[PDB]
Amino acid sequence: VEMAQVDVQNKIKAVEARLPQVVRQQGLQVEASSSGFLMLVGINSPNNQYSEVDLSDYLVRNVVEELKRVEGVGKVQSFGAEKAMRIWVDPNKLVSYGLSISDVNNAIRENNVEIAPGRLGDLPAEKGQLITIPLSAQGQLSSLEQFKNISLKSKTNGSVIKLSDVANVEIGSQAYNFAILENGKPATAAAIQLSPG
Amino acid sequence: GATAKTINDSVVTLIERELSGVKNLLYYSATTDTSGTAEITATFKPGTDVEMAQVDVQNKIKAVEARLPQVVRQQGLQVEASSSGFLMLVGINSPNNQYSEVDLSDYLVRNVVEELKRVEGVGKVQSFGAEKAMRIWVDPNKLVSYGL
Amino acid sequence: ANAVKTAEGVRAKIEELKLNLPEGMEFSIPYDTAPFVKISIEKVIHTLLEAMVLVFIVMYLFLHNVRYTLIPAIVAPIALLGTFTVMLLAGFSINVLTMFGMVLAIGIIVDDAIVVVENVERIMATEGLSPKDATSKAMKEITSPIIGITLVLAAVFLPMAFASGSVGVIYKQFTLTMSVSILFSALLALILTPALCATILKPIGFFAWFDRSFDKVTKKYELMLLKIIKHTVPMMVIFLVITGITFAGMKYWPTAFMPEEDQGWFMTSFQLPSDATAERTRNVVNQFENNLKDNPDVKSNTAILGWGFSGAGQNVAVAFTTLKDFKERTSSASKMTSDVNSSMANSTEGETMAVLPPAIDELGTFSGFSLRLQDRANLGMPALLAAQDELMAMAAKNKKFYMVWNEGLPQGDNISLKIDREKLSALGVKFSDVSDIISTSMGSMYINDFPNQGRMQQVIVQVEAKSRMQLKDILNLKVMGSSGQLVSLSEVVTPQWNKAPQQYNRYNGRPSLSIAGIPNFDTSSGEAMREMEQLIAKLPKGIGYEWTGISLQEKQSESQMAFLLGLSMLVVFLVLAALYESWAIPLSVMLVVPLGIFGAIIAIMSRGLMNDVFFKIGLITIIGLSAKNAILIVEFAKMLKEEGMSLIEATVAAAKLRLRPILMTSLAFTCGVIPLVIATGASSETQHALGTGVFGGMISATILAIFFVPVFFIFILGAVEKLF
Ligand SMILES: CC[n+]1c(-c2ccccc2)c2cc(N)ccc2c2ccc(N)cc21
């Protein structure tokens, strides 16, 4: 299986360029079919206090690796939705201010950015330099309020408006295609594959 | 473009999650410093085929290339066989200071390193010198005056 | 890849590249480890030759004739050649372990031929028979014992080749190189030796004295044995006492993995504070070079500034120090490292560690114990570092360790600039501009390539050094506002100073810290590991530990000793039961293992040597050899018993007749290992470890067995007769 998978990946690498840009950005996932299924581990919320995304987040953060380090446990496949920062834009509010989707995307790409850290005193250094110290800056946004406070410029009047005004920002799922129900309530699951031998 | 903490939380842990689970693995470890590079090492049981181990590792690490940061993705994740120590050190020096360290380091890189690396049985040649380059030292206070 | 051949190719290539070298440039090879391999190989070959010569001399001292001595001696080179063929077929390579196995087997592989020739000579002398009739009678008498001894000594080494880990690989070399050689020696003894005895043996001072003295000693041995057989229960009690002492010594004696060897070079690591610069590290490296200057025992010193084996940066350095030849040297590498550490400790602003090369090439980069302290309860990095500091505090006050330190970059200062986005919006500044001016302020940007003298070379744009040395220069950077005036970063960014780690390490997917330590002299690796475990047990909850590198292999080797010994003993017992069709005859032969382990442990205690893998291999060899010395008497005693003689009479006659072969065989093996015992020079530690235990065990088995195995036989057979 390993020698088939490596050959397949090497042959796929040839046409990676001609593929559509979004497919490249998402990435092509290559795997080998496994038959060592052992069991399923799931978490459910009887009181609906949590959603599927929250349960999946808890499972991946605090459960999957715990099960992985148990003797005889090999691969763990978590089924669910990964959390993401979802912005839902109202076209009427956007046109009210003479703004478009591209403007919102540009604002997000601008305000949320990574700043390259550096070192003061790095080589080549001025003679007599004694102290060398790292220096870093934070440009990324890590909170809902920060994303909601992003500033856009209205073309109609030139006033400064907030992203929350033209859109609703929340924490949701990267994809909403699938849902998992445990006895009619939100749930998440992970399949444990037995290690060979 | 990241600190040690960011690389640890973005690259090392994400990859090491999938590394756990290869065949005939004794243990795995990871190290990250402020040099912008991260090194993970997987140790396999004695009497194990290294060639099979490399392909297994490559298969298990290509399933996370998508989630890996863009810069690492374009630069690539490099898999290699491990050699702990140095077989030997080959040096060049100027008895009469005719050539400076930069010149010696340029000659070593551009005439010696590649020749040595092609000797049968040589796995890796690590040159502790740098090739010559065109350096542009920009004064921050000057270009701002001209608005650049 | 082969180290020796790769080094030869590198040295050849350098030779061709010398001609096209601009004047004023000279090549050098300050650090090279390949030669030591060939030096060790040639040393082990010399040891093998010395063992062969000593064994030949011992055989001559007994046989008194050159032809008689040659007849057995010829079997060893042929057996070794067959073993070489088997190694080539099986994929094994010539190395120190296989050659040491050959050296150990050189005494064994002559035992069968010695037994054949001794019986032939005895028959010719006593019965006045021709060489061909004497050979026929001798072989008819001794065919079975040779096969039994060969099978036992081949089977005894088999189990240790099935062990796991590196210790299994080590045992595999000895198992093959001993079992195959022993089988080939037995085949030669059964095939060629009778023909030579029948063909090249002619009919029949110091030698006369030796003969008369040996007859006198044989008479004294017979009388002493006759006296001894009367007292059996006391001699069972004494044997139980000896077994108890052997068990106590085996359990309560320090254990190790592999002796530390002098390879003619040591390593030095300089770790300086996080805020240190290249000049500061260069200063301490210059002090180290000056201190090592003028020392006659140093050939060449090379220092790599800015790189390390546990992290790279501006505050790290590594140096390789090569010592002169062993004959020209006057101080051991360990003393050199100790002096270097003592000198560097007093006057330096950082930590300098001088260490010796590891026991195995790729199993670590230093000799000592390596630990991984892990945060297993999500305690946090600062908690892990506090636990590290407390562990270092406990370890620095203990007499069980010499020096324990951390192999990683120190924790250090970090500056973080918090950007006031509200102020940026109010002033009209655009965030991306700030982001760009900060990112490129003190970083090197690779742009394009340009042709320099026929090679593409990089164009790198960076800010001048004078403007990236202090935080003020970065805070002086200005950006354009909406109103038009330039606003400096200091107005819009606030600096914050914090203490955070500069290196992040993980072991088995958990936050981890690497620790190294050197056990103090008079303390073994196992003792140091146990004490370190006890100290770690006192750390706060949520902190765990792991043993990595040499430590894990040593633990695994120590774990498997008892099972291997028991399985080997059971295999020998089963083989003996199969051969002699009894459950009591093997029982008597199985009681000599304590007699040899008593004496092996005694020798290692007297010489102050630890229980290591080579000691275990010697123990297995002594099990085999003691089983041989018991069999040599027990087989003939039993056979005489079926002929019609009584138990005591048959046993006494068998011991009297088989004294000479046993003494010859045992002395041949014992003298075959003296070169290892008294080895001096390079690699002498490994030879001593491999030889002292076997020397002591063989002596104890030879001296004690001749008086104990007859009593074991009589006691066990009498008990069997009484009960059933
Ligand atoms: C990711 C979709 N997907 C697949 C799947 C669909 C197509 C291709 C490969 C797997 C799946 C396949 C099998 N056998 C069993 C369970 C699931 C599953 C379960 C839950 C979920 N939320 C998505 C799930």
# chains A, B, ... in the order shown; residues from 1 in each chain; ligands from 1
$ residues_around --residues "region 142-145 of chain B" --least-positions-apart "6" --cutoff "10 Å" --atoms "only C-alpha atoms" --output "number ranges by chain"
C: 477-480, 486
$ residues_near_ligand --ligand "ligand 1" --cutoff "9 Å" --atoms "only C-alpha atoms and all ligand atoms" --output "ChimeraX atom specification"
/A:78-81,177-180,188-191
$ write_last_selection --atoms "N, CA, C and O atoms" --output "CSV table (one decimal), in the first residue's frame"
chain,number,residue,atom,x,y,z
A,78,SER,N,-11.5,11.4,13.2
A,78,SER,CA,-12.6,12.2,13.8
A,78,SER,C,-13.6,12.7,12.7
A,78,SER,O,-13.1,13.3,11.7
A,79,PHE,N,-14.8,12.4,12.8
A,79,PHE,CA,-15.9,12.8,11.9
A,79,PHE,C,-16.6,14.0,12.5
A,79,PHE,O,-17.2,13.9,13.6
A,80,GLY,N,-16.6,15.1,11.8
A,80,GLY,CA,-17.2,16.3,12.4
A,80,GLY,C,-16.8,17.6,11.6
A,80,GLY,O,-16.2,17.4,10.5
A,81,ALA,N,-17.1,18.7,12.2
A,81,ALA,CA,-16.8,20.0,11.5
A,81,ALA,C,-15.8,20.8,12.4
A,81,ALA,O,-16.0,20.9,13.6
A,177,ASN,N,-22.0,20.7,5.3
A,177,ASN,CA,-22.6,19.7,4.4
A,177,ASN,C,-23.2,18.5,5.2
A,177,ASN,O,-24.3,18.0,4.9
A,178,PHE,N,-22.5,18.1,6.3
A,178,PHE,CA,-22.9,17.0,7.1
A,178,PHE,C,-23.3,17.3,8.5
A,178,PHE,O,-22.9,18.3,9.0
A,179,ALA,N,-24.2,16.5,9.1
A,179,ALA,CA,-24.6,16.6,10.4
A,179,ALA,C,-24.7,15.3,11.1
A,179,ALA,O,-25.0,14.3,10.4
A,180,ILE,N,-24.4,15.2,12.4
A,180,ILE,CA,-24.4,13.9,13.1
A,180,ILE,C,-25.4,14.1,14.3
A,180,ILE,O,-25.3,15.0,15.0
A,188,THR,N,-20.9,14.0,18.0
A,188,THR,CA,-19.7,13.8,17.2
A,188,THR,C,-19.2,12.4,17.4
A,188,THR,O,-19.6,11.8,18.4
A,189,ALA,N,-18.3,12.0,16.5
A,189,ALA,CA,-17.8,10.6,16.6
A,189,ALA,C,-16.4,10.6,16.1
A,189,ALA,O,-15.9,11.5,15.4
A,190,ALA,N,-15.7,9.5,16.5
A,190,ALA,CA,-14.3,9.2,16.0
A,190,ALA,C,-14.2,7.7,15.9
A,190,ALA,O,-14.5,7.0,16.9
A,191,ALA,N,-13.6,7.2,14.8
A,191,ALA,CA,-13.4,5.8,14.6
A,191,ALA,C,-12.0,5.5,14.9
A,191,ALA,O,-11.0,6.2,14.5
$ residues_around --residues "residue 18 (chain B)" --least-positions-apart "4" --cutoff "8 Å" --atoms "only C-alpha atoms" --output "number ranges by chain"
B: 14, 60-61
$ select_by_dssp --residues "region 569-710 of chain C" --states "alpha helix (DSSP H)" --output "short mmCIF file (atom, residue, chain, number, x, y, z; two decimals) with C-alpha atoms, in the first residue's frame"
data_model
loop_
_atom_site.label_atom_id
_atom_site.label_comp_id
_atom_site.auth_asym_id
_atom_site.auth_seq_id
_atom_site.Cartn_x
_atom_site.Cartn_y
_atom_site.Cartn_z
CA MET C 569 19.83 -23.08 31.11
CA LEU C 570 16.55 -24.80 30.19
CA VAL C 571 17.75 -25.38 26.62
CA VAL C 572 21.00 -26.93 27.84
CA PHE C 573 19.07 -29.09 30.32
CA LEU C 574 16.72 -30.32 27.59
CA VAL C 575 19.59 -31.07 25.20
CA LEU C 576 21.40 -33.07 27.89
CA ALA C 577 18.22 -34.98 28.75
CA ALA C 578 17.72 -35.80 25.06
CA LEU C 579 21.32 -36.95 24.66
CA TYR C 580 21.67 -39.07 27.81
CA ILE C 585 22.08 -36.99 34.64
CA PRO C 586 21.31 -33.48 33.29
CA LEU C 587 20.42 -32.39 36.83
CA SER C 588 23.94 -33.12 38.08
CA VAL C 589 25.44 -31.30 35.07
CA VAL C 593 26.47 -22.94 36.64
CA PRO C 594 26.58 -21.49 40.19
CA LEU C 595 30.17 -22.71 40.48
CA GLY C 596 31.24 -20.57 37.52
CA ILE C 597 29.06 -17.55 38.20
CA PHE C 598 30.86 -17.76 41.53
CA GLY C 599 34.28 -16.65 40.38
CA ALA C 600 33.02 -14.58 37.47
CA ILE C 601 31.35 -12.20 39.91
CA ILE C 602 34.40 -12.49 42.18
CA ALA C 603 36.77 -11.45 39.39
CA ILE C 604 34.65 -8.48 38.33
CA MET C 605 34.34 -7.35 41.96
CA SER C 606 38.09 -7.70 42.53
CA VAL C 613 26.57 -6.84 28.24
CA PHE C 614 30.05 -8.33 27.83
CA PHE C 615 29.81 -9.72 31.36
CA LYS C 616 26.52 -11.39 30.41
CA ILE C 617 28.10 -12.89 27.28
CA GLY C 618 30.94 -14.20 29.43
CA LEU C 619 28.39 -15.66 31.82
CA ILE C 620 26.72 -17.56 28.97
CA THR C 621 30.13 -18.78 27.79
CA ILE C 622 30.93 -19.98 31.31
CA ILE C 623 27.59 -21.80 31.47
CA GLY C 624 28.57 -23.64 28.31
CA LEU C 625 32.11 -24.41 29.47
CA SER C 626 31.03 -25.58 32.93
CA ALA C 627 28.44 -27.83 31.29
CA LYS C 628 31.33 -29.29 29.20
CA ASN C 629 33.62 -29.96 32.20
CA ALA C 630 30.63 -31.61 34.04
CA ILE C 631 29.75 -33.73 31.00
CA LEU C 632 33.33 -34.89 30.46
CA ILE C 633 33.21 -36.73 33.80
CA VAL C 634 29.50 -37.56 34.07
CA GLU C 635 29.24 -39.34 30.71
CA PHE C 636 32.11 -41.73 31.44
CA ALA C 637 30.98 -42.26 35.04
CA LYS C 638 27.50 -43.23 33.87
CA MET C 639 28.87 -45.53 31.16
CA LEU C 640 31.08 -47.32 33.68
CA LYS C 641 27.99 -47.58 35.89
CA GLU C 642 26.09 -49.52 33.22
CA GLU C 643 29.18 -51.66 32.64
CA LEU C 647 28.35 -45.56 41.68
CA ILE C 648 31.30 -44.35 43.76
CA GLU C 649 33.88 -46.54 42.03
CA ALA C 650 32.63 -45.61 38.56
CA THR C 651 32.54 -41.89 39.37
CA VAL C 652 36.03 -41.94 40.90
CA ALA C 653 37.47 -43.86 37.94
CA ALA C 654 35.82 -41.49 35.47
CA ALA C 655 37.18 -38.42 37.26
CA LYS C 656 40.66 -39.95 37.48
CA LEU C 657 40.70 -40.80 33.77
CA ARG C 658 39.16 -37.51 32.58
CA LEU C 659 41.21 -35.16 34.77
CA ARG C 660 43.78 -34.54 32.02
CA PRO C 661 41.39 -33.56 29.18
CA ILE C 662 39.45 -31.25 31.49
CA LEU C 663 42.57 -29.49 32.75
CA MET C 664 43.98 -29.19 29.23
CA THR C 665 40.77 -27.76 27.80
CA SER C 666 40.23 -25.35 30.71
CA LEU C 667 43.82 -24.10 30.71
CA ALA C 668 43.73 -23.61 26.94
CA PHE C 669 40.62 -21.45 27.24
CA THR C 670 42.01 -19.58 30.25
CA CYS C 671 45.30 -18.71 28.53
CA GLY C 672 43.40 -17.87 25.34
CA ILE C 674 44.75 -13.60 29.16
CA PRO C 675 45.58 -11.18 26.29
CA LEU C 676 42.14 -9.64 26.78
CA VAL C 677 42.59 -9.57 30.56
CA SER C 684 41.78 -1.93 26.54
CA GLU C 685 38.62 -1.25 28.55
CA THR C 686 36.42 -3.36 26.26
CA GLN C 687 38.96 -6.19 26.28
CA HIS C 688 39.16 -6.12 30.08
CA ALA C 689 35.37 -6.16 30.40
CA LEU C 690 35.09 -9.08 27.97
CA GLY C 691 37.96 -11.05 29.50
CA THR C 692 37.95 -10.68 33.29
CA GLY C 693 34.58 -12.35 33.81
CA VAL C 694 35.33 -15.32 31.56
CA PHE C 695 38.77 -15.70 33.15
CA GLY C 696 37.35 -15.85 36.67
CA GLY C 697 34.43 -18.06 35.72
CA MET C 698 36.62 -20.57 33.90
CA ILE C 699 39.06 -20.75 36.81
CA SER C 700 36.25 -21.25 39.33
CA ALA C 701 34.52 -23.88 37.20
CA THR C 702 37.74 -25.81 36.58
CA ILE C 703 38.98 -25.83 40.17
CA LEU C 704 35.64 -26.36 41.91
CA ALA C 705 33.98 -28.74 39.44
CA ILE C 706 36.55 -31.55 39.66
CA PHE C 707 35.54 -32.02 43.31
CA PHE C 708 31.84 -31.04 43.11
CA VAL C 709 30.40 -32.69 39.98
CA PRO C 710 31.35 -36.20 41.22
#
$ residues_around --residues "residue 73 (chain B)" --least-positions-apart "3" --cutoff "12 Å" --atoms "only C-alpha atoms" --output "list in words"
residues 24, 25, 26 and 27 of chain A; 11, 61, 62, 64, 65, 66, 67, 68, 69, 70, 76, 77 and 78 of chain B
$ closest_atom_pairs --of "chain C" --to "chain A" --cutoff "8 Å" --atoms "only C-alpha atoms" --output "Markdown table"
| residue | atom | partner | partner_atom | distance |
| --- | --- | --- | --- | --- |
| C:274 | CA | A:132 | CA | 7.8 |
| C:275 | CA | A:132 | CA | 5.0 |
| C:276 | CA | A:131 | CA | 6.1 |
| C:277 | CA | A:130 | CA | 6.0 |
| C:279 | CA | A:130 | CA | 7.9 |
| C:280 | CA | A:130 | CA | 7.5 |
| C:413 | CA | A:133 | CA | 6.6 |
| C:414 | CA | A:134 | CA | 5.5 |
| C:415 | CA | A:135 | CA | 4.8 |
| C:416 | CA | A:136 | CA | 5.1 |
| C:417 | CA | A:137 | CA | 5.1 |
| C:418 | CA | A:137 | CA | 6.8 |
| C:419 | CA | A:138 | CA | 7.9 |
| C:431 | CA | A:111 | CA | 6.5 |
| C:432 | CA | A:110 | CA | 6.1 |
| C:435 | CA | A:115 | CA | 5.8 |
| C:436 | CA | A:115 | CA | 7.7 |
| C:438 | CA | A:115 | CA | 7.1 |
| C:439 | CA | A:116 | CA | 4.7 |
| C:440 | CA | A:116 | CA | 7.8 |
| C:442 | CA | A:118 | CA | 6.0 |
| C:443 | CA | A:118 | CA | 6.4 |
| C:465 | CA | A:125 | CA | 5.6 |
| C:466 | CA | A:126 | CA | 6.1 |
| C:468 | CA | A:120 | CA | 5.7 |
| C:469 | CA | A:121 | CA | 4.8 |
| C:470 | CA | A:120 | CA | 6.2 |
| C:471 | CA | A:120 | CA | 7.3 |
$ interface_residues --of "chain B" --to "chain C" --cutoff "7 Å" --atoms "only C-alpha atoms" --output "CSV table (one decimal) with N, CA, C and O atoms, in the first residue's frame"
chain,number,residue,atom,x,y,z
B,4,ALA,N,9.2,31.1,17.8
B,4,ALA,CA,9.3,29.6,18.2
B,4,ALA,C,7.9,29.1,18.6
B,4,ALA,O,7.5,28.0,18.2
B,8,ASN,N,5.8,26.1,16.8
B,8,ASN,CA,5.5,24.9,17.6
B,8,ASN,C,4.0,24.7,17.6
B,8,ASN,O,3.5,23.5,17.4
B,16,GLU,N,3.3,16.2,14.2
B,16,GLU,CA,3.6,15.1,15.1
B,16,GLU,C,2.4,14.4,15.5
B,16,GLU,O,2.5,13.2,15.8
B,27,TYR,N,10.1,6.1,19.4
B,27,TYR,CA,9.6,7.3,19.9
B,27,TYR,C,9.8,8.4,18.8
B,27,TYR,O,10.4,8.2,17.7
B,28,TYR,N,9.3,9.6,19.1
B,28,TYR,CA,9.5,10.8,18.3
B,28,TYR,C,9.7,12.0,19.1
B,28,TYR,O,9.2,12.1,20.3
B,29,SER,N,10.4,13.0,18.6
B,29,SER,CA,10.8,14.2,19.3
B,29,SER,C,10.8,15.3,18.3
B,29,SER,O,10.8,15.1,17.0
B,30,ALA,N,10.7,16.6,18.8
B,30,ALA,CA,10.6,17.8,18.0
B,30,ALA,C,11.3,18.9,18.7
B,30,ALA,O,11.3,19.0,19.9
B,31,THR,N,12.0,19.7,17.9
B,31,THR,CA,12.7,20.9,18.4
B,31,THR,C,12.5,22.1,17.5
B,31,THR,O,12.4,22.0,16.3
B,32,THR,N,12.3,23.3,18.1
B,32,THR,CA,12.1,24.5,17.4
B,32,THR,C,12.8,25.6,18.1
B,32,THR,O,12.8,25.7,19.3
B,33,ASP,N,13.6,26.4,17.4
B,33,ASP,CA,14.3,27.6,17.9
B,33,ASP,C,13.8,28.9,17.2
B,33,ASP,O,12.9,28.9,16.4
B,34,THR,N,14.5,30.0,17.5
B,34,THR,CA,14.2,31.3,17.0
B,34,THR,C,14.9,31.5,15.6
B,34,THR,O,14.9,32.6,15.1
B,45,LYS,N,12.6,1.0,15.7
B,45,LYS,CA,13.3,-0.1,16.4
B,45,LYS,C,14.5,-0.6,15.7
B,45,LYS,O,14.5,-0.5,14.4
B,46,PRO,N,15.5,-1.1,16.4
B,46,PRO,CA,16.7,-1.6,15.7
B,46,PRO,C,16.4,-2.7,14.8
B,46,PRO,O,15.4,-3.5,15.0
B,83,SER,N,21.9,11.1,10.2
B,83,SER,CA,23.2,10.8,10.6
B,83,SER,C,23.6,11.7,11.7
B,83,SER,O,23.7,12.9,11.6
B,84,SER,N,23.8,11.1,12.9
B,84,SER,CA,24.0,11.8,14.1
B,84,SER,C,25.2,12.7,14.1
B,84,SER,O,25.2,13.9,14.4
B,85,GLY,N,26.4,12.1,13.8
B,85,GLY,CA,27.6,12.7,14.0
B,85,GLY,C,28.3,13.1,12.7
B,85,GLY,O,27.8,12.8,11.6
B,87,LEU,N,31.4,12.4,10.1
B,87,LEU,CA,32.5,11.5,9.7
B,87,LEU,C,33.8,12.2,9.7
B,87,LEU,O,34.8,11.7,10.2
B,88,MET,N,33.9,13.5,9.2
B,88,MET,CA,35.1,14.2,9.2
B,88,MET,C,34.8,15.7,8.9
B,88,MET,O,33.7,16.0,8.5
B,89,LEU,N,35.8,16.5,9.2
B,89,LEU,CA,35.8,18.0,8.9
B,89,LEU,C,36.9,18.3,7.9
B,89,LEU,O,38.0,18.0,8.2
B,90,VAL,N,36.5,18.9,6.8
B,90,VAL,CA,37.5,19.3,5.8
B,90,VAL,C,37.5,20.8,5.8
B,90,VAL,O,36.5,21.5,5.6
B,91,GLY,N,38.7,21.4,6.0
B,91,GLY,CA,38.9,22.8,6.1
B,91,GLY,C,39.9,23.4,5.1
B,91,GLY,O,40.7,22.7,4.6
B,92,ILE,N,39.7,24.7,4.9
B,92,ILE,CA,40.6,25.5,4.1
B,92,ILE,C,41.0,26.7,4.9
B,92,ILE,O,40.1,27.3,5.5
B,93,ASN,N,42.3,27.0,4.8
B,93,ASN,CA,42.8,28.1,5.6
B,93,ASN,C,43.9,28.8,4.8
B,93,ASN,O,44.5,28.2,3.9
B,94,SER,N,44.2,30.1,5.1
B,94,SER,CA,45.2,30.9,4.4
B,94,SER,C,46.4,31.1,5.4
B,94,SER,O,46.3,31.8,6.3
B,95,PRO,N,47.5,30.4,5.1
B,95,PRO,CA,48.6,30.5,6.0
B,95,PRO,C,49.1,32.0,6.2
B,95,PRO,O,49.5,32.4,7.3
B,96,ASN,N,49.1,32.8,5.1
B,96,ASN,CA,49.6,34.1,5.2
B,96,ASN,C,48.5,35.2,5.1
B,96,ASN,O,48.8,36.3,4.8
B,98,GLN,N,46.4,35.7,3.0
B,98,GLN,CA,46.1,36.2,1.6
B,98,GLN,C,44.7,36.4,1.3
B,98,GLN,O,44.2,37.3,0.7
B,116,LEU,N,32.9,17.1,-3.1
B,116,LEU,CA,32.9,16.2,-2.0
B,116,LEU,C,31.6,15.4,-1.9
B,116,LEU,O,31.6,14.2,-1.6
B,119,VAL,N,31.1,12.1,-3.7
B,119,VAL,CA,31.9,10.9,-3.4
B,119,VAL,C,30.9,9.9,-2.9
B,119,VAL,O,30.1,10.2,-2.0
B,120,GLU,N,31.1,8.6,-3.4
B,120,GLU,CA,30.2,7.6,-3.0
B,120,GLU,C,30.3,7.4,-1.4
B,120,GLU,O,31.3,7.4,-0.8
B,121,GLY,N,29.1,7.2,-0.8
B,121,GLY,CA,29.0,7.0,0.6
B,121,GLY,C,28.8,8.3,1.4
B,121,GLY,O,28.5,8.2,2.6
B,122,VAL,N,28.9,9.4,0.7
B,122,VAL,CA,28.6,10.7,1.4
B,122,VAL,C,27.2,11.0,1.5
B,122,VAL,O,26.5,11.0,0.4
B,132,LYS,N,29.3,34.2,-1.7
B,132,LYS,CA,29.3,35.7,-1.9
B,132,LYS,C,27.9,36.1,-2.6
B,132,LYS,O,27.3,35.3,-3.3
B,133,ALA,N,27.5,37.3,-2.3
B,133,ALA,CA,26.2,37.8,-2.7
B,133,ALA,C,26.3,39.3,-2.8
B,133,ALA,O,27.2,40.0,-2.3
B,134,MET,N,25.3,39.9,-3.4
B,134,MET,CA,25.2,41.4,-3.6
B,134,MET,C,24.3,41.9,-2.4
B,134,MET,O,23.1,41.7,-2.4
B,135,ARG,N,24.9,42.6,-1.5
B,135,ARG,CA,24.2,43.1,-0.3
B,135,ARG,C,23.9,44.6,-0.5
B,135,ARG,O,24.8,45.4,-0.9
B,136,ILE,N,22.6,44.9,-0.2
B,136,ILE,CA,22.1,46.3,-0.3
B,136,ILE,C,21.7,46.7,1.1
B,136,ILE,O,20.6,46.3,1.6
B,137,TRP,N,22.5,47.5,1.7
B,137,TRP,CA,22.3,48.0,3.1
B,137,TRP,C,21.6,49.3,3.0
B,137,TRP,O,22.2,50.4,2.6
B,138,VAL,N,20.3,49.4,3.3
B,138,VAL,CA,19.4,50.5,3.1
B,138,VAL,C,19.3,51.3,4.4
B,138,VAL,O,19.1,50.7,5.5
B,139,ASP,N,19.5,52.6,4.3
B,139,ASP,CA,19.3,53.5,5.5
B,139,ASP,C,17.9,53.8,5.7
B,139,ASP,O,17.3,54.5,4.8
B,140,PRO,N,17.2,53.4,6.8
B,140,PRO,CA,15.8,53.8,7.0
B,140,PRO,C,15.5,55.2,7.0
B,140,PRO,O,14.4,55.7,6.5
$ select_by_dssp --residues "region 32-154 of chain A" --states "strand (DSSP E or B)" --output "PyMOL selection string"
chain A and resi 37-44+73-79+83-89+118-120+133-137+151-153
$ write_last_selection --atoms "C-alpha atoms" --output "tab-separated table (two decimals), in the first residue's frame"
chain	number	residue	atom	x	y	z
A	37	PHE	CA	-11.63	-0.76	12.35
A	38	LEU	CA	-12.04	-1.39	16.07
A	39	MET	CA	-14.74	0.86	17.54
A	40	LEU	CA	-16.42	4.27	17.61
A	41	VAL	CA	-16.18	6.88	20.37
A	42	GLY	CA	-18.78	9.63	20.48
A	43	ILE	CA	-19.86	12.54	22.66
A	44	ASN	CA	-23.43	13.84	22.95
A	73	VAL	CA	-4.50	2.23	19.13
A	74	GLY	CA	-3.30	3.29	15.69
A	75	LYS	CA	-5.07	5.92	13.59
A	76	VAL	CA	-8.07	7.89	14.90
A	77	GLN	CA	-10.46	9.39	12.34
A	78	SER	CA	-12.62	12.17	13.77
A	79	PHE	CA	-15.87	12.83	11.91
A	83	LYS	CA	-14.50	25.55	13.82
A	84	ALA	CA	-14.01	28.66	11.69
A	85	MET	CA	-14.74	32.39	11.76
A	86	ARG	CA	-17.83	32.85	9.57
A	87	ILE	CA	-18.85	36.26	8.23
A	88	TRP	CA	-22.36	36.58	6.77
A	89	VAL	CA	-22.68	39.72	4.65
A	118	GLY	CA	13.15	39.99	13.93
A	119	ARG	CA	16.22	40.23	16.12
A	120	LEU	CA	17.89	43.42	17.32
A	133	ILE	CA	17.12	40.53	21.74
A	134	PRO	CA	14.20	39.17	19.73
A	135	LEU	CA	11.32	41.48	18.81
A	136	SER	CA	7.87	40.45	17.58
A	137	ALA	CA	4.61	42.11	16.60
A	151	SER	CA	-12.89	49.34	9.77
A	152	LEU	CA	-14.05	49.90	6.19
A	153	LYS	CA	-14.32	53.14	4.22
$ atom_distance --atom1 "CA of residue 352 (chain C)" --atom2 "CA of residue 269 (chain C)"
5.7 Å
$ residues_around --residues "residue 131 (chain B)" --least-positions-apart "3" --cutoff "7 Å" --atoms "only C-alpha atoms" --output "list in words"
residues 105, 106 and 109 of chain B
$ residues_around --residues "region 332-347 of chain C" --least-positions-apart "3" --cutoff "8 Å" --atoms "only C-alpha atoms" --output "ChimeraX atom specification"
/C:262,264-266,288,291-292,323,329,351-356
$ closest_atom_pairs --of "chain B" --to "chain A" --cutoff "7 Å" --atoms "only C-alpha atoms" --output "JSON lines"
{"residue": "B:1", "atom": "CA", "partner": "A:116", "partner_atom": "CA", "distance": 4.2}
{"residue": "B:2", "atom": "CA", "partner": "A:117", "partner_atom": "CA", "distance": 6.1}
{"residue": "B:3", "atom": "CA", "partner": "A:117", "partner_atom": "CA", "distance": 6.7}
{"residue": "B:21", "atom": "CA", "partner": "A:74", "partner_atom": "CA", "distance": 5.3}
{"residue": "B:55", "atom": "CA", "partner": "A:2", "partner_atom": "CA", "distance": 6.8}
{"residue": "B:56", "atom": "CA", "partner": "A:2", "partner_atom": "CA", "distance": 6.3}
{"residue": "B:59", "atom": "CA", "partner": "A:6", "partner_atom": "CA", "distance": 6.5}
{"residue": "B:63", "atom": "CA", "partner": "A:29", "partner_atom": "CA", "distance": 6.0}
{"residue": "B:66", "atom": "CA", "partner": "A:27", "partner_atom": "CA", "distance": 5.2}
